[PDB]
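Sequential numbering of the sequence shown, starting at 21, is according to this note's numbering. Beta carbons: idealized from backbone N, C-alpha and C, even for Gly. Take a look at the structure set out below.
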Amino acid sequence: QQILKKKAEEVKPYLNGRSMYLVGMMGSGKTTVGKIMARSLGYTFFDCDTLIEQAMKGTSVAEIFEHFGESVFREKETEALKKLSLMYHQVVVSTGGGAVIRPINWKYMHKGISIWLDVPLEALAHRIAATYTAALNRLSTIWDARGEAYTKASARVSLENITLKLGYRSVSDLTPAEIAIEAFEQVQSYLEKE
Numbered sequence: 021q022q023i024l025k026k027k028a029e030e031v032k033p034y035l036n037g038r039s040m041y042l043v044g045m046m047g048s049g050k051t052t053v054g055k056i057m058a059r060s061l062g063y064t065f066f067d068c069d070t071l072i073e074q075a076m077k078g079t080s081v082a083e084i085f086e087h088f089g090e091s092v093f094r095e096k097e098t099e100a101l102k103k104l105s106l107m108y109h110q111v112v113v114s115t116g117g118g119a120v121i122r123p124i125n126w127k128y129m130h131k132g133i134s135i136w137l138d139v140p141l142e143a144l145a146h147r148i149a150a151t152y153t154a155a156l157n158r159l160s161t162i163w164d165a166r167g168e169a170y171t172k173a174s175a176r177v178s179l180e181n182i183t184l185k186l187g188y189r190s191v192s193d194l195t196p197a198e199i200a201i202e203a204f205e206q207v208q209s210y211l212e213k214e
């Protein structure tokens with residue numbers, strides 16, 4: 021809470037109003053962590069998926085999926101990310117789990133600093149299910165497809181490593197603030213080394 025103020029003040033000068041993008045699997049807490057980060061920096065926070073929902077005038081995302089499939093949503097995500105990187109500075113943006121699939125999105129996101137919330141699949145399945153093995157199976161299938169792509173991010177925040185360092189029981193005991201403090205630390209380490 022104070023560490024947050026202090027850790028945000030310390031990163032402002034390397035940032036030069038560059039934007040930050042939170043990437044990760046479904047359920048990885050991108051949105052809550054992102055808002056906390058944004059608020060600490062005095063930055064504007066945007067949720068990619070929320071923006072796309074709202075730009076859909078008179079139809080929904082659900083209808084885009086039934087009628088056009090994943091491919092047409094993917095172009096909307098791309099158009100949304102393109103917009104955000106060319107037009108806004110000093111923003112924090114959480115993206116959907118699939119934003120990382122297309123190399124075009126890495127072109128816009130790499131104009132900024134990207135932060136991957138690496139949450140172990142088992143914890144994702146447990147967050148999702150509160151059945152566990154059924155969530156886990158699905159995430160495991162998705163992980164085999166996207167896994168490699170998250171590693172393209174500037175910084176990685178391991179929720180496993182945070183829980184060890186803090187002596188907590190499972191990643192589920194972590195607070196959004198404690199995760200944002202680690203995101204701050206890794207962003208800072210990345211920026212110190214260019």
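May I have the straight-line CA-CA distance separating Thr161 from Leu35, to the nearest angstrom? 36 Å
Are the stretch 172 to 185 and the stretch 55 to 72 in contact at 8 Å, needing three or more beta carbon pairs? no
Of the residues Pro33, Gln21 and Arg38, which one's Cα is nearest the Cα of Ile135? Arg38
Closer than 6 Å by C-beta to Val191: which residues in its own chain qualify, once you throw out the five before and the five after it? Chain order, please. Cβ-Cβ distances below 6 Å link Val191 to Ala143, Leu179 and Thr183 in the same chain, with the five nearest sequence neighbours on each side left out; the list follows chain order.
Contacts around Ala200, its chain only, beta-carbon distance under 6 Å, and the 5 residues preceding and following it disregarded: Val53, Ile56 and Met57
Taking its Cβ as the centre, do 16 or more other Cβ atoms sit within 10 Å of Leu106, making it buried, or is it exposed? exposed
Tell me the rounded alpha-carbon separation between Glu202 and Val177. 7 Å
DSSP state of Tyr41 mapped onto helix, strand, coil: strand
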